[PDB]
Q: 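Just dropping this structure here.
Sequence positions, counted from 1, serve as the residue numbers for this chain. What's counted below: heavy atoms across the whole structure, side chains too, no hydrogens, waters or symmetry copies.
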Amino acid sequence: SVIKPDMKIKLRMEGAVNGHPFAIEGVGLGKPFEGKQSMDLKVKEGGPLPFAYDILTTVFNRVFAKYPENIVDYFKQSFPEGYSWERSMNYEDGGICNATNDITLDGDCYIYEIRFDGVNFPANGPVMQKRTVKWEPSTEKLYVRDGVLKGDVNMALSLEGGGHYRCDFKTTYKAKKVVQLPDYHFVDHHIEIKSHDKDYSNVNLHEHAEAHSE
Ligand SMILES: [Mg+2]
Ligand SMILES: [Mg+2]
Ligand SMILES: [Mg+2]
Ligand SMILES: [Mg+2]
Ligand SMILES: [Mg+2]
Ligand SMILES: [Mg+2]
């Protein structure tokens, strides 16, 4: 089959935050049918990153989500051709991040061409001050619109001093070929940085995702 139980990941992110350019590359592996994945990320340019690494993590593939048999899988259907996604991440203090990921497939390895751009993060805010701890688990709401798939999610970053920092995600997924469209459904997520060094030049990221419906 096109989608194998065990697959790889190759990616390169080029981006900027408040005008500060940077570049990150990574390699990883995951189990598409189990909804689990892991990757090692290395900052190649712009290091050391002057902002909270957490704003980048959800940008570093919904194929890695366990879909039950009674819910159409827009993502696994899209291959070998693949799909691409666009997303705006609106933080409560005005910081806004736009990201895109063009996903292709070469053998058993997915290739990500990522672009990330964030602006208006206050200098004394939790992102520029690196006050974030982690993203809380979430439930993404997916629905069809204009022949493509939308995914919206209320995200929250736990803060070092206590409390949370909210962000609203709005993603558009676009398959590179005609695939069956799903009915309204959900995808639970839980992304975690398992390990990292002092300035985050090296990061080990993990994610577990499962779809569910009414
Ligand atoms: Mg730039
Ligand atoms: Mg302020
Ligand atoms: Mg803070
Ligand atoms: Mg419609
Ligand atoms: Mg570095
Ligand atoms: Mg449900």
Side-chain angles (χ1 to χ4, degrees), residues 11 13 15-24 26 28 30 35-43 46-62 64-66 85-101 114-142 150-171 185-212:
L11 67 85
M13 172 189 275
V17 173
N18 286 2
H20 169 89
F22 65 93
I24 296 171
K36 298 180 180 180
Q37 62 174 300
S38 55
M39 60 185 75
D40 295 284
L41 308 153
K42 296 175 180 290
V43 178
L49 302 181
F51 56 85
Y53 202 93
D54 289 318
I55 69 169
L56 307 175
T57 63
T58 66
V59 180
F60 292 124
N61 190 355
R62 210 70 55 252
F64 290 110
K66 184 175 183 180
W85 61 253
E86 305 160 26
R87 179 187 306 159
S88 64
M89 296 161 281
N90 196 157
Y91 292 84
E92 66 175 306
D93 63 352
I96 315 293
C97 295
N98 285 348
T100 59
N101 187 192
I114 301 169
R115 181 66 208 181
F116 185 104
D117 295 85
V119 296
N120 292 157
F121 281 105
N124 60 351
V127 171
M128 298 315 288
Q129 292 292 149
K130 299 179 183 171
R131 307 298 290 134
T132 69
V133 174
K134 68 184 295 290
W135 285 107
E136 291 287 358
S138 72
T139 295
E140 177 180 15
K141 279 70 189 296
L142 301 95
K150 299 291 182 172
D152 294 348
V153 53
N154 281 145
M155 296 287 283
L157 281 156
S158 178
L159 300 181
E160 208 67 75
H164 288 81
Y165 177 49
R166 288 267 291 106
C167 184
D168 291 347
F169 284 19
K170 289 184 185 301
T171 312
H185 70 279
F186 316 86
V187 170
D188 283 350
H189 297 264
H190 193 3
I191 188 172
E192 303 174 85
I193 285 181
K194 279 293 190 297
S195 61
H196 66 87
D197 48 28
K198 287 175 287 186
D199 53 17
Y200 290 84
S201 52
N202 291 87
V203 174
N204 180 233
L205 185 71
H206 284 51
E207 192 207 326
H208 180 16
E210 295 190 354
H212 58 92

Q: Side chains of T139 and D188 only: does a donor on one sit below 3.5 Å from an acceptor on the other?
A: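 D188 and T139 do have a side-chain donor-acceptor pair below 3.5 Å.
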Q: Taking atom CZ of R166 and atom CE of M155, what is their separation to the nearest 0.5 Å?
A: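 Here the rounded value is 9.5 Å.
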Q: Which residues pass the salt bridge (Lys or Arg N to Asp or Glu O under 4.0 Å) test with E140, sequence neighbours left out?
A: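 Partners of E140 under the salt bridge (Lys or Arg N to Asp or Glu O under 4.0 Å) test: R62.
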Q: Give the ring-plane orientation class for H212 versus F186, where under 30° counts as parallel, over 60° as perpendicular and anything between as tilted.
A: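 It falls in the parallel class, under 30°.
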Q: Looking at every non-hydrogen atom in both residues, tell me the closest pair between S138 and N154 and how far apart they are.
A: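 Nearest heavy atoms, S138 then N154: CB-O, 4.3 Å.
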Q: Within a strict 4.5 Å, meaning less than it, do heavy atoms of the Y91 and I55 side chains meet?
A: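 Heavy-atom side-chain distance check passes, below 4.5 Å.
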Q: Would a 4.5 Å heavy-atom cut-off, applied to side chains only, mark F121 and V127 as touching?
A: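 Yes, side chains in contact.
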Q: Minimum heavy-atom separation for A99 to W85, with atom names?
A: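 Closest pair (atom of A99, atom of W85, distance): O-CZ3, 3.7 Å.
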Q: Any non-hydrogen side-chain atom of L41 less than 4.5 Å from a side-chain atom of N202?
A: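 Not in contact.
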Q: Within the structure provided, determine whether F60 and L11 are in side-chain contact (heavy-atom separation under 4.5 Å).
A: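 In short, these two side chains touch, coming nearer than 4.5 Å.
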Q: Are the side chains of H189 and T58 in contact, using a 4.5 Å heavy-atom criterion?
A: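 In short, these two side chains do not touch, never coming nearer than 4.5 Å.
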Q: To the nearest 0.5 Å, tell me how far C167 SG sits from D93 CG.
A: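 Between atom SG of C167 and atom CG of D93 there are 9.5 Å.
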Q: Could you go through the salt bridge (charged side-chain N to carboxylate O under 4.0 Å, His left out) check for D117 and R115 one step at a time?
A: CA-CA 7 Å; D117 295 85; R115 181 66 208 181; 2.8 Å; yes
Q: So which heavy atom on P126 is nearest to which on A52, and how close?
A: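 Minimum heavy-atom separation between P126 and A52: O-CB, 4.3 Å.
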Q: Under the ring pair (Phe, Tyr, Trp, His ring centres under 6.0 Å) test against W135, which residue among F169, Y53, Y165 passes?
A: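 Only one of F169, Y53, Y165 forms a ring pair (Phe, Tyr, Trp, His ring centres under 6.0 Å) with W135, namely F169.
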Q: Kindly indicate, with the supporting measurements, whether the criterion side-chain contact (heavy atoms from CB on, under 4.5 Å) is fulfilled by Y200 and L56.
A: CA-CA 12 Å; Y200 290 84; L56 307 175; over 6 Å; no
Q: So for atom NZ, which belongs to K66, do other residues, nucleotides or ligands contribute more than 12 heavy atoms lying within a distance under 6.0 Å?
A: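 Count not over threshold, so no.
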Q: Quick one, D168 and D152 - any side-chain contact, counting heavy atoms below 4.5 Å?
A: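 When only atoms from C-beta onward are counted, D152 and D168 do not touch, as no gap falls below 4.5 Å.
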Q: So do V17 and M128 actually touch side chain to side chain, heavy atoms under 4.5 Å?
A: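 Yes, side chains in contact.
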Q: Does the pair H190 and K134 meet the rule for a side-chain contact (heavy atoms from CB on, under 4.5 Å), with working shown?
A: CA-CA 10 Å; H190 193 3; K134 68 184 295 290; 3.3 Å; yes
Q: Which residues pass the salt bridge (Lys or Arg N to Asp or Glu O under 4.0 Å) test with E192, not counting sequence neighbours?
A: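 Salt bridge (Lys or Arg N to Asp or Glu O under 4.0 Å) list for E192, sorted by chain: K194.
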Q: Looking at residues at least two apart in the chain, or sitting in another chain, which of them share a salt bridge (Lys or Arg N to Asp or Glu O under 4.0 Å) with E136?
A: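 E136 satisfies salt bridge (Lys or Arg N to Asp or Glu O under 4.0 Å) with no residue once adjacent residues are dropped.
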Q: Return each pair, listed once, that meets side-chain hydrogen bond (donor to acceptor under 3.5 Å, both in side chains) where at least one residue sits in residues 120-133; pairs must be two or more places apart or across chains.
A: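 Residue pairs with at least one partner in residues 120-133: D54-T132.
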Q: Would you indicate whether the side-chain heavy atoms of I24 and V203 approach each other to under 4.5 Å?
A: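 Not touching, per the 4.5 Å side-chain cut-off.
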Q: Between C97 and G118, which heavy-atom pair has the shortest distance, and what is it?
A: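 Taking every non-hydrogen atom into account, SG-CA, 3.7 Å.
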Q: The criterion is ring-ring contact (aromatic ring centres under 6.0 Å, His included); which residues satisfy it with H185, sequence neighbours excluded?
A: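 With sequence neighbours excluded, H185 shows a ring-ring contact (aromatic ring centres under 6.0 Å, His included) to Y67, given in chain and number order.
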Q: Keeping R87 on the side-chain end and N98 on the backbone end, is there a donor-acceptor pair under 3.5 Å?
A: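 Looks like no, no N/O pair under 3.5 Å.
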Q: Tell me, please, which residues at least two apart from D40 pass salt bridge (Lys or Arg N to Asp or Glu O under 4.0 Å).
A: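 Applying salt bridge (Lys or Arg N to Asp or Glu O under 4.0 Å) to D40 gives none.
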